[PDB]
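The structure file protein26.tsv is reproduced below (TSV, C-alpha atoms).
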```tsv
chain	number	residue	atom	x	y	z
Z	2	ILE	CA	-18.69	-9.86	-9.37
Z	3	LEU	CA	-15.03	-10.48	-8.57
Z	4	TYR	CA	-12.60	-10.58	-11.50
Z	5	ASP	CA	-9.96	-13.06	-10.44
Z	6	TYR	CA	-6.51	-14.34	-11.34
Z	7	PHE	CA	-5.64	-17.52	-9.49
Z	8	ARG	CA	-1.89	-16.87	-9.21
Z	9	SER	CA	-2.42	-13.40	-7.78
Z	10	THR	CA	-1.54	-12.65	-4.14
Z	11	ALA	CA	-3.71	-9.53	-4.20
Z	12	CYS	CA	-6.56	-11.74	-5.43
Z	13	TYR	CA	-5.91	-14.23	-2.64
Z	14	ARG	CA	-6.46	-11.48	-0.05
Z	15	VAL	CA	-9.73	-10.48	-1.63
Z	16	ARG	CA	-10.89	-14.10	-1.81
Z	17	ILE	CA	-10.23	-14.60	1.92
Z	18	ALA	CA	-11.92	-11.31	2.84
Z	19	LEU	CA	-15.03	-12.28	0.90
Z	20	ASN	CA	-15.27	-15.61	2.70
Z	21	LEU	CA	-14.55	-14.42	6.22
Z	22	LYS	CA	-17.43	-11.94	6.17
Z	23	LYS	CA	-19.58	-14.48	4.35
Z	24	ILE	CA	-20.39	-12.15	1.47
Z	25	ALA	CA	-22.22	-13.71	-1.46
Z	26	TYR	CA	-20.33	-12.91	-4.64
Z	27	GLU	CA	-19.51	-14.26	-8.07
Z	28	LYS	CA	-16.09	-15.15	-9.45
Z	29	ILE	CA	-14.74	-14.56	-12.95
Z	30	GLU	CA	-11.43	-16.22	-13.77
Z	31	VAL	CA	-9.18	-14.39	-16.21
Z	32	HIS	CA	-5.47	-14.17	-17.10
Z	33	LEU	CA	-3.27	-11.05	-17.04
Z	53	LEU	CA	-7.08	-5.18	-13.45
Z	54	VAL	CA	-6.99	-7.98	-10.90
Z	55	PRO	CA	-8.33	-8.02	-8.47
Z	56	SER	CA	-11.21	-5.79	-9.45
Z	57	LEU	CA	-14.77	-5.74	-8.22
Z	58	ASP	CA	-17.75	-4.98	-10.42
Z	59	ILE	CA	-20.62	-3.39	-8.52
Z	60	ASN	CA	-23.58	-3.06	-10.86
Z	61	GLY	CA	-21.39	-1.76	-13.67
Z	62	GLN	CA	-19.11	0.18	-11.33
Z	63	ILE	CA	-15.56	-1.19	-11.23
Z	64	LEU	CA	-13.18	-0.92	-8.28
Z	65	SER	CA	-9.48	-1.89	-8.12
Z	66	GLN	CA	-6.79	-2.28	-5.46
Z	67	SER	CA	-7.16	-5.15	-3.02
Z	68	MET	CA	-6.84	-2.99	0.11
Z	69	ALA	CA	-9.41	-0.56	-1.32
Z	70	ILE	CA	-11.68	-3.45	-2.30
Z	71	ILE	CA	-11.50	-4.89	1.18
Z	72	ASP	CA	-12.27	-1.58	2.91
Z	73	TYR	CA	-15.33	-1.22	0.67
Z	74	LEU	CA	-16.60	-4.66	1.68
Z	75	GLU	CA	-15.85	-3.78	5.29
Z	76	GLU	CA	-17.98	-0.63	4.90
Z	77	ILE	CA	-21.05	-2.08	3.18
Z	78	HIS	CA	-20.84	-5.33	5.18
Z	79	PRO	CA	-19.84	-4.23	8.73
Z	80	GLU	CA	-20.70	-7.69	10.10
Z	81	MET	CA	-17.74	-10.01	10.64
Z	82	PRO	CA	-15.44	-7.04	11.28
Z	83	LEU	CA	-11.90	-7.52	9.99
Z	84	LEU	CA	-10.76	-4.86	12.43
Z	85	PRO	CA	-11.18	-4.00	16.14
Z	86	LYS	CA	-13.20	-0.95	17.25
Z	87	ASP	CA	-10.40	0.79	19.18
Z	88	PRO	CA	-9.16	3.48	16.75
Z	89	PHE	CA	-5.54	2.86	17.73
Z	90	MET	CA	-5.65	-0.95	17.46
Z	91	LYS	CA	-7.51	-0.66	14.20
Z	92	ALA	CA	-4.78	1.57	12.79
Z	93	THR	CA	-2.07	-0.65	14.24
Z	94	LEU	CA	-3.35	-3.78	12.55
Z	95	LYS	CA	-3.83	-1.80	9.33
Z	96	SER	CA	-0.22	-0.74	9.30
Z	97	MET	CA	0.79	-4.37	9.65
Z	98	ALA	CA	-1.27	-5.28	6.62
Z	99	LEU	CA	0.52	-2.39	4.88
Z	100	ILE	CA	3.92	-3.80	5.78
Z	101	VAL	CA	2.97	-6.72	3.54
Z	102	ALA	CA	1.03	-4.86	0.91
Z	103	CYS	CA	3.40	-1.86	0.68
Z	104	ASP	CA	6.81	-2.91	1.97
Z	105	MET	CA	6.88	-6.45	0.59
Z	106	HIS	CA	4.54	-7.52	-2.18
Z	107	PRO	CA	5.19	-4.57	-4.53
Z	108	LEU	CA	8.92	-5.41	-4.65
Z	109	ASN	CA	8.32	-9.06	-5.66
Z	110	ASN	CA	5.54	-8.61	-8.19
Z	111	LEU	CA	6.14	-10.45	-11.46
Z	112	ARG	CA	6.52	-7.07	-13.15
Z	113	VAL	CA	9.43	-6.23	-10.87
Z	114	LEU	CA	11.19	-9.54	-11.31
Z	115	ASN	CA	10.91	-9.04	-15.06
Z	116	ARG	CA	12.40	-5.57	-14.88
Z	117	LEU	CA	15.38	-7.08	-13.07
Z	118	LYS	CA	15.70	-9.56	-15.91
Z	119	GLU	CA	15.28	-6.96	-18.65
Z	120	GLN	CA	17.44	-4.17	-17.22
Z	121	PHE	CA	19.95	-6.33	-15.45
Z	122	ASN	CA	19.58	-9.77	-17.01
Z	123	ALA	CA	19.16	-11.12	-13.50
Z	124	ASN	CA	19.92	-14.86	-13.41
Z	125	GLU	CA	17.85	-17.20	-11.27
Z	126	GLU	CA	19.95	-16.95	-8.08
Z	127	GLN	CA	19.82	-13.16	-8.38
Z	128	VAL	CA	16.04	-13.00	-8.60
Z	129	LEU	CA	15.92	-15.33	-5.58
Z	130	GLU	CA	18.32	-13.24	-3.53
Z	131	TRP	CA	16.31	-10.09	-4.26
Z	132	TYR	CA	13.05	-11.87	-3.59
Z	133	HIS	CA	14.30	-13.38	-0.33
Z	134	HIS	CA	15.71	-10.02	0.74
Z	135	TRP	CA	12.32	-8.33	0.94
Z	136	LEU	CA	10.85	-11.40	2.59
Z	137	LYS	CA	13.37	-11.15	5.43
Z	138	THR	CA	12.89	-7.41	5.85
Z	139	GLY	CA	9.10	-7.68	5.79
Z	140	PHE	CA	8.81	-10.69	8.07
Z	141	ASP	CA	11.31	-9.25	10.54
Z	142	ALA	CA	9.18	-6.13	10.84
Z	143	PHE	CA	5.93	-8.07	10.96
Z	144	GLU	CA	7.03	-10.56	13.63
Z	145	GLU	CA	8.39	-7.62	15.57
Z	146	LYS	CA	5.08	-5.83	16.03
Z	147	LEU	CA	3.50	-9.25	16.35
Z	148	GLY	CA	5.54	-9.70	19.51
Z	149	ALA	CA	3.96	-6.67	21.20
Z	150	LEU	CA	0.38	-7.94	20.90
Z	151	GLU	CA	-1.65	-10.47	22.86
Z	152	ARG	CA	-3.87	-13.16	21.38
Z	153	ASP	CA	-6.12	-16.04	22.50
Z	154	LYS	CA	-5.24	-18.12	19.47
Z	155	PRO	CA	-2.77	-18.01	16.55
Z	156	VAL	CA	-4.17	-14.88	14.92
Z	157	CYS	CA	-2.41	-11.53	14.65
Z	158	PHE	CA	-4.30	-9.96	17.54
Z	159	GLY	CA	-7.05	-10.93	19.94
Z	160	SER	CA	-9.42	-13.84	19.40
Z	161	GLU	CA	-10.66	-13.24	15.88
Z	162	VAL	CA	-8.96	-13.33	12.51
Z	163	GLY	CA	-8.50	-9.92	10.91
Z	164	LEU	CA	-7.12	-7.77	8.10
Z	165	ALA	CA	-3.53	-8.47	9.10
Z	166	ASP	CA	-4.16	-12.23	8.95
Z	167	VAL	CA	-5.95	-11.80	5.63
Z	168	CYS	CA	-2.81	-10.19	4.18
Z	169	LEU	CA	-0.32	-12.43	5.99
Z	170	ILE	CA	-1.43	-15.82	4.68
Z	171	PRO	CA	-0.95	-14.98	0.97
Z	172	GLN	CA	2.48	-13.47	1.71
Z	173	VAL	CA	3.63	-16.64	3.52
Z	174	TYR	CA	2.32	-18.71	0.62
Z	175	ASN	CA	4.65	-16.74	-1.69
Z	176	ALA	CA	7.57	-17.33	0.66
Z	177	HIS	CA	7.32	-21.14	0.63
Z	178	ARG	CA	6.74	-21.01	-3.12
Z	179	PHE	CA	10.12	-19.25	-3.40
Z	180	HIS	CA	11.40	-21.56	-0.68
Z	181	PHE	CA	12.34	-18.89	1.81
Z	182	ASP	CA	13.00	-20.43	5.22
Z	183	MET	CA	10.49	-19.32	7.85
Z	184	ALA	CA	12.41	-20.63	10.89
Z	185	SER	CA	12.98	-17.09	12.19
Z	186	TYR	CA	9.26	-16.32	12.47
Z	187	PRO	CA	7.58	-18.63	15.04
Z	188	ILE	CA	4.50	-16.49	15.77
Z	189	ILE	CA	3.93	-16.04	12.06
Z	190	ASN	CA	4.47	-19.74	11.42
Z	191	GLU	CA	1.84	-20.48	14.10
Z	192	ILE	CA	-0.71	-17.99	12.78
Z	193	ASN	CA	-0.34	-19.23	9.21
Z	194	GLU	CA	-0.76	-22.82	10.37
Z	195	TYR	CA	-3.82	-21.94	12.39
Z	196	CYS	CA	-5.51	-19.83	9.71
Z	197	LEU	CA	-4.87	-22.53	7.13
Z	198	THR	CA	-7.41	-24.77	8.88
Z	199	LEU	CA	-10.35	-22.41	8.33
Z	200	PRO	CA	-12.53	-22.98	5.22
Z	201	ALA	CA	-12.49	-19.24	4.53
Z	202	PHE	CA	-8.71	-19.40	4.13
Z	203	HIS	CA	-8.50	-22.91	2.72
Z	204	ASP	CA	-11.13	-22.42	0.00
Z	205	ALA	CA	-9.54	-19.17	-1.17
Z	206	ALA	CA	-6.18	-20.82	-1.84
Z	207	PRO	CA	-5.00	-20.76	-5.47
Z	208	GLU	CA	-5.01	-24.58	-5.50
Z	209	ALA	CA	-8.67	-24.56	-4.57
Z	210	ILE	CA	-9.35	-22.58	-7.76
Z	211	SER	CA	-8.19	-25.38	-10.09
Q	1	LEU	CA	0.93	13.95	20.04
Q	2	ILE	CA	4.31	13.57	18.30
Q	3	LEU	CA	5.40	13.13	14.70
Q	4	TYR	CA	8.81	11.72	13.95
Q	5	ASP	CA	9.46	13.36	10.65
Q	6	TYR	CA	11.91	13.78	7.83
Q	7	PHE	CA	11.45	16.85	5.64
Q	8	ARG	CA	12.13	15.20	2.28
Q	9	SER	CA	10.38	11.90	2.94
Q	10	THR	CA	7.25	11.85	0.77
Q	11	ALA	CA	5.52	9.50	3.22
Q	12	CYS	CA	5.95	12.10	5.97
Q	13	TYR	CA	4.92	14.78	3.48
Q	14	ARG	CA	1.61	12.94	3.10
Q	15	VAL	CA	1.15	12.96	6.85
Q	16	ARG	CA	2.16	16.60	7.36
Q	17	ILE	CA	-0.49	17.59	4.81
Q	18	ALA	CA	-3.33	15.68	6.47
Q	19	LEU	CA	-2.45	17.15	9.85
Q	20	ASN	CA	-2.72	20.59	8.26
Q	21	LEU	CA	-5.97	19.91	6.42
Q	22	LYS	CA	-7.43	18.71	9.68
Q	23	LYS	CA	-5.77	21.56	11.57
Q	24	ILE	CA	-4.48	19.11	14.19
Q	25	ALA	CA	-1.84	20.54	16.51
Q	26	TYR	CA	1.18	18.36	17.13
Q	27	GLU	CA	4.82	18.34	18.10
Q	28	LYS	CA	7.20	17.69	15.22
Q	29	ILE	CA	10.62	16.10	15.62
Q	30	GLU	CA	13.06	16.01	12.72
Q	31	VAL	CA	15.03	12.77	12.92
Q	54	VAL	CA	9.55	7.77	9.88
Q	55	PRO	CA	6.99	8.71	9.64
Q	56	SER	CA	5.78	7.63	13.10
Q	57	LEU	CA	2.90	9.11	15.07
Q	58	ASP	CA	3.31	8.96	18.86
Q	59	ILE	CA	-0.05	9.11	20.60
Q	60	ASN	CA	0.46	9.40	24.35
Q	61	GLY	CA	3.49	7.11	24.37
Q	62	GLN	CA	1.78	4.70	21.95
Q	63	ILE	CA	3.45	4.71	18.51
Q	64	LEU	CA	1.91	4.05	15.09
Q	65	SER	CA	3.96	3.63	11.93
Q	66	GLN	CA	2.42	3.38	8.47
Q	67	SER	CA	1.73	6.66	6.64
Q	68	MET	CA	-1.54	5.29	5.26
Q	69	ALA	CA	-2.40	3.79	8.66
Q	70	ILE	CA	-1.64	7.07	10.41
Q	71	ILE	CA	-3.91	9.07	8.14
Q	72	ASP	CA	-6.73	6.56	8.58
Q	73	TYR	CA	-6.16	7.04	12.30
Q	74	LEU	CA	-6.43	10.81	11.92
Q	75	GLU	CA	-9.63	10.36	9.90
Q	76	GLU	CA	-11.24	8.15	12.52
Q	77	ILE	CA	-10.06	10.19	15.47
Q	78	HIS	CA	-10.81	13.50	13.72
Q	79	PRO	CA	-13.82	12.85	11.42
Q	80	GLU	CA	-14.21	16.55	10.56
Q	81	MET	CA	-12.51	17.92	7.48
Q	82	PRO	CA	-13.09	14.49	5.88
Q	83	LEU	CA	-10.40	13.32	3.49
Q	84	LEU	CA	-12.90	11.12	1.68
Q	85	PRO	CA	-16.54	11.35	0.52
Q	86	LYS	CA	-19.44	9.56	2.19
Q	87	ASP	CA	-20.44	7.41	-0.77
Q	88	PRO	CA	-18.79	4.04	-0.13
Q	89	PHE	CA	-17.92	3.54	-3.81
Q	90	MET	CA	-16.30	6.92	-4.34
Q	91	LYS	CA	-14.65	6.67	-0.96
Q	92	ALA	CA	-13.21	3.28	-2.04
Q	93	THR	CA	-12.38	4.64	-5.50
Q	94	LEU	CA	-10.28	7.48	-4.15
Q	95	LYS	CA	-8.74	5.10	-1.64
Q	96	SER	CA	-7.54	2.99	-4.56
Q	97	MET	CA	-6.05	5.90	-6.44
Q	98	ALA	CA	-4.18	6.73	-3.27
Q	99	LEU	CA	-2.98	3.13	-3.23
Q	100	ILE	CA	-1.74	3.44	-6.82
Q	101	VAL	CA	0.74	5.87	-5.34
Q	102	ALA	CA	1.36	4.38	-1.92
Q	103	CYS	CA	1.59	0.81	-3.24
Q	104	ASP	CA	2.42	0.72	-6.94
Q	105	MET	CA	4.85	3.64	-6.99
Q	106	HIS	CA	6.55	4.88	-3.86
Q	107	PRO	CA	7.75	1.48	-2.61
Q	108	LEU	CA	9.62	0.60	-5.87
Q	109	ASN	CA	11.51	3.88	-5.78
Q	110	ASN	CA	12.35	3.92	-2.09
Q	111	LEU	CA	16.00	4.63	-1.25
Q	112	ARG	CA	16.43	1.12	0.19
Q	113	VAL	CA	15.48	-0.35	-3.18
Q	114	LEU	CA	17.75	1.93	-5.20
Q	115	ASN	CA	20.60	0.97	-2.87
Q	116	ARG	CA	19.77	-2.68	-3.44
Q	117	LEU	CA	20.08	-2.19	-7.22
Q	118	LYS	CA	23.55	-0.75	-6.81
Q	119	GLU	CA	24.51	-3.43	-4.29
Q	120	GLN	CA	23.14	-6.46	-6.13
Q	121	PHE	CA	23.45	-5.27	-9.70
Q	122	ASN	CA	26.07	-2.61	-9.28
Q	123	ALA	CA	23.65	-0.38	-11.19
Q	124	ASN	CA	24.90	3.01	-12.36
Q	125	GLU	CA	23.33	6.46	-12.14
Q	126	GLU	CA	21.62	6.12	-15.53
Q	127	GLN	CA	20.30	2.65	-14.69
Q	128	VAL	CA	18.84	3.81	-11.40
Q	129	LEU	CA	17.12	6.64	-13.32
Q	130	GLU	CA	15.64	4.33	-15.95
Q	131	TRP	CA	14.19	2.25	-13.10
Q	132	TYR	CA	12.90	5.25	-11.17
Q	133	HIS	CA	11.26	6.77	-14.28
Q	134	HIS	CA	9.66	3.51	-15.37
Q	135	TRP	CA	7.65	3.30	-12.16
Q	136	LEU	CA	6.82	7.01	-12.33
Q	137	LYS	CA	5.49	6.54	-15.85
Q	138	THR	CA	3.62	3.36	-15.04
Q	139	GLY	CA	1.89	4.87	-12.02
Q	140	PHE	CA	1.08	8.30	-13.42
Q	141	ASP	CA	-0.34	6.62	-16.53
Q	142	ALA	CA	-2.76	4.67	-14.36
Q	143	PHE	CA	-3.55	7.63	-12.09
Q	144	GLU	CA	-4.15	10.11	-14.92
Q	145	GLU	CA	-6.29	7.39	-16.42
Q	146	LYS	CA	-8.65	7.08	-13.45
Q	147	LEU	CA	-8.69	10.92	-13.20
Q	148	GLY	CA	-10.21	11.12	-16.66
Q	149	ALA	CA	-13.29	9.22	-15.53
Q	150	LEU	CA	-14.00	11.61	-12.65
Q	151	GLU	CA	-15.81	14.93	-12.36
Q	152	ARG	CA	-14.49	18.07	-10.65
Q	153	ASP	CA	-15.26	21.80	-10.30
Q	154	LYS	CA	-11.67	22.74	-9.55
Q	155	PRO	CA	-8.20	21.19	-9.78
Q	156	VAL	CA	-8.73	18.44	-7.23
Q	157	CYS	CA	-8.90	14.65	-7.85
Q	158	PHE	CA	-12.66	14.63	-7.29
Q	159	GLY	CA	-15.48	17.14	-6.85
Q	160	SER	CA	-14.75	20.48	-5.21
Q	161	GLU	CA	-12.76	19.58	-2.12
Q	162	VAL	CA	-9.28	18.18	-1.62
Q	163	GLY	CA	-9.12	14.58	-0.39
Q	164	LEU	CA	-6.83	11.65	0.36
Q	165	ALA	CA	-5.85	11.15	-3.29
Q	166	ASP	CA	-4.69	14.76	-3.42
Q	167	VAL	CA	-2.71	14.23	-0.23
Q	168	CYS	CA	-0.88	11.30	-1.88
Q	169	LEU	CA	-0.57	12.76	-5.37
Q	170	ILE	CA	1.23	16.00	-4.53
Q	171	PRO	CA	4.16	14.40	-2.70
Q	172	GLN	CA	4.60	11.79	-5.45
Q	173	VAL	CA	4.63	14.62	-8.01
Q	174	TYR	CA	7.31	16.36	-5.96
Q	175	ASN	CA	9.40	13.20	-6.25
Q	176	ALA	CA	8.87	13.23	-9.98
Q	177	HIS	CA	10.25	16.76	-10.39
Q	178	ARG	CA	13.00	16.10	-7.90
Q	179	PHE	CA	14.13	13.30	-10.24
Q	180	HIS	CA	13.70	15.22	-13.44
Q	181	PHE	CA	10.80	13.24	-14.84
Q	182	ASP	CA	8.76	14.96	-17.56
Q	183	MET	CA	5.12	15.35	-16.53
Q	184	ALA	CA	4.00	16.61	-19.95
Q	185	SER	CA	1.67	13.65	-20.45
Q	186	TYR	CA	-0.37	14.23	-17.28
Q	187	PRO	CA	-2.26	17.57	-17.78
Q	188	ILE	CA	-4.83	16.91	-15.10
Q	189	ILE	CA	-2.30	15.77	-12.52
Q	190	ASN	CA	-0.29	18.90	-13.27
Q	191	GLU	CA	-3.32	21.14	-12.77
Q	192	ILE	CA	-4.13	19.46	-9.46
Q	193	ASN	CA	-0.57	19.73	-8.15
Q	194	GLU	CA	-0.58	23.40	-9.07
Q	195	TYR	CA	-3.89	24.12	-7.41
Q	196	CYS	CA	-3.18	22.22	-4.19
Q	197	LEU	CA	0.19	23.86	-3.75
Q	198	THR	CA	-1.64	27.22	-3.70
Q	199	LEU	CA	-3.31	26.11	-0.44
Q	200	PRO	CA	-1.45	26.66	2.86
Q	201	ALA	CA	-2.11	23.09	4.06
Q	202	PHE	CA	0.00	21.70	1.18
Q	203	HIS	CA	2.41	24.58	0.73
Q	204	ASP	CA	3.34	24.65	4.45
Q	205	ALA	CA	3.92	20.86	4.54
Q	206	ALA	CA	6.39	20.85	1.61
Q	207	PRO	CA	10.04	19.88	2.27
Q	208	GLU	CA	11.24	23.36	1.26
Q	209	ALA	CA	9.05	24.80	4.01
Q	210	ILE	CA	10.69	22.39	6.47
```

Rendering of file as structure tokens:
Amino acid sequence: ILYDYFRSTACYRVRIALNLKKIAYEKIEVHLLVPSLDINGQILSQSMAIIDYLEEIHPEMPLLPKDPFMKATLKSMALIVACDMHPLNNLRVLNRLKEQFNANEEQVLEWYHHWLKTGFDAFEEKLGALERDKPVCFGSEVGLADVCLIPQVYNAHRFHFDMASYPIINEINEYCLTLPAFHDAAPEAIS
Amino acid sequence: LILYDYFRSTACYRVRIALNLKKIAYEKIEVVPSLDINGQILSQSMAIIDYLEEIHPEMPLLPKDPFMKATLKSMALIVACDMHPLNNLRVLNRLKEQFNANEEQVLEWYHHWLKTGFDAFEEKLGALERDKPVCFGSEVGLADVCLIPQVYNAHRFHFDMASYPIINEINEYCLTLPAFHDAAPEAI
């Protein structure tokens, strides 16, 4: 049982992860902990934690390489998104800017775009040191970094940030968006 | 094996601790954090620790049960994801740059995220069993490694921890152990 909010980036990651490794689950659409997984009564939060659990009980369709260093390297790229980007732009943060600072619309956008630039700069950076056979983050299979990247890029277009500066990312996103696992997990697919 | 380190960076504090718990020898350079493995560099504090845990399985920072392992992972994420990033220097600077925020406004911000996170953390703590002041069971783990340094940030910024009895017990206990004590910024 996945408890799901369709506008949630975190939830988008989980939805992709569940598809990629072809895990049979069961969705429960709610409003506004999401995502959260119910495992025979036992509830688990935090999208990165949720994904690592899946990865552990369902080792097939690995979202990470075996090489301990590469595994950690890809992980840290997923963290760039999940730690150095998403947290700053969460609805809760935008609202604090509005409460505390009565941020007008251009202000929220400038803030929001600021962390996009910083996060995509760093991401495309490390991206440039890896080799790939297709437009995925690394290698010849889609992984954890791609799982976290697609939802972040979705947010960026939604807030109309211009991706011109990030060719490799733009390619990977385009590629990934043609897989059912990604496509069917999109928020639009939900409604 | 090299660690680019800053003594008062709570992310590096997390890493220093894990290196100690695992008794891994390493060269420390005070400029982060970044781990330099034979010329190859790795950069996210949570990624680094996961690397230490795969490369050095012994002195496990997490239990074997997949659920409890995931559960403590998520508590660690409460801190690493829902707390620390919002209160990073770069963010505070941004508030003063974009909103010309003042001291007292920066503090209100900083404390709001402290409160929000500790509330959640203390919450999940209440559902868990322990035989000493650690997050879970009778051995320190990854959650402890992330909690202590966050707590340090809370004191450093004069945030009242009165409402988090368990957290406060854990912080106290863990700081009695050399692995934590010797990784603290004061020690550095």

- Distance filter 6 Å, all atoms listed in the file, chain Z against chain Q, as a VMD selection string: chain Z and resid 66 69 73 92 95 to 96 103

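Using only C-alpha atoms, the protein and nucleic acid residues lying no more than 10 Å from residue Z:170, apart from those fewer than 2 places from it along its own chain, are residues 10, 13, 14, 17, 165, 166, 167, 168, 172, 173, 174, 175, 176, 189, 190, 192, 193, 194, 196, 197, 202 and 206 of chain Z.
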
Show which residues sit within 8 Å of residue Z:71, as an mmCIF file with C-alpha atoms, in the coordinates of the input. Count only C-alpha atoms, and ignore same-chain residues fewer than 4 positions away.
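Writing the result to part12.cif gives the following:
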```cif
data_model
loop_
_atom_site.group_PDB
_atom_site.id
_atom_site.type_symbol
_atom_site.label_atom_id
_atom_site.label_comp_id
_atom_site.auth_asym_id
_atom_site.auth_seq_id
_atom_site.Cartn_x
_atom_site.Cartn_y
_atom_site.Cartn_z
ATOM 1 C CA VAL Z 15 -9.730 -10.480 -1.630
ATOM 2 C CA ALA Z 18 -11.920 -11.310 2.840
ATOM 3 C CA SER Z 67 -7.160 -5.150 -3.020
ATOM 4 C CA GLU Z 75 -15.850 -3.780 5.290
#
```

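Rounded to one decimal, atom CA of residue Z:101 and atom CA of residue Z:169 lie 7.0 Å from each other.
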
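With only C-alpha atoms as the atoms that count, the minimum distance from residue Q:7 to the choices Q:60, Q:141, Q:30, Q:24 is reached by Q:30.
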
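Atom pair atom CA of residue Z:181 / atom CA of residue Z:105: separated by 13.6 Å.
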
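Among the candidates Q:119, Q:27, Q:145, Q:166, the one nearest to residue Q:191 when counting only C-alpha atoms is Q:166.
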
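Reported to one decimal place, the separation of atom CA of residue Z:62 from atom CA of residue Q:192 is 24.5 Å.
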
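Among the candidate residues Q:167, Q:160, Q:176, Q:188, the one lying nearest to residue Q:144 is Q:188, with distances computed using all atoms listed in the file.
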
- Message: Can you tell me which residues surround residue Q:173 at a distance of at most 10 Å, considering all atoms listed in the file, apart from same-chain residues fewer than 3 positions away, and format the answer as a ChimeraX atom specification?
- Response: /Q:10,101,136,140,168-170,176-179,181,183,189-190,193

- Task: Within 6 Å of residue Q:201, counting all atoms listed in the file, which residues show up once you throw out same-chain ones fewer than 3 positions away? Write them as a list in words, please.
- Result: residues 17, 20, 21 and 204 of chain Q

- Contacts of stretch 146-152 of chain Z at 8 Å or less, counting only C-alpha atoms, minus same-chain residues fewer than 6 places along, as a list in words? residues 97, 158, 159, 160 and 188 of chain Z

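You can rank Q:6, Q:197, Q:175, Q:83 by their closest distance to residue Q:133 using all atoms listed in the file, and at the top of that list sits Q:175.
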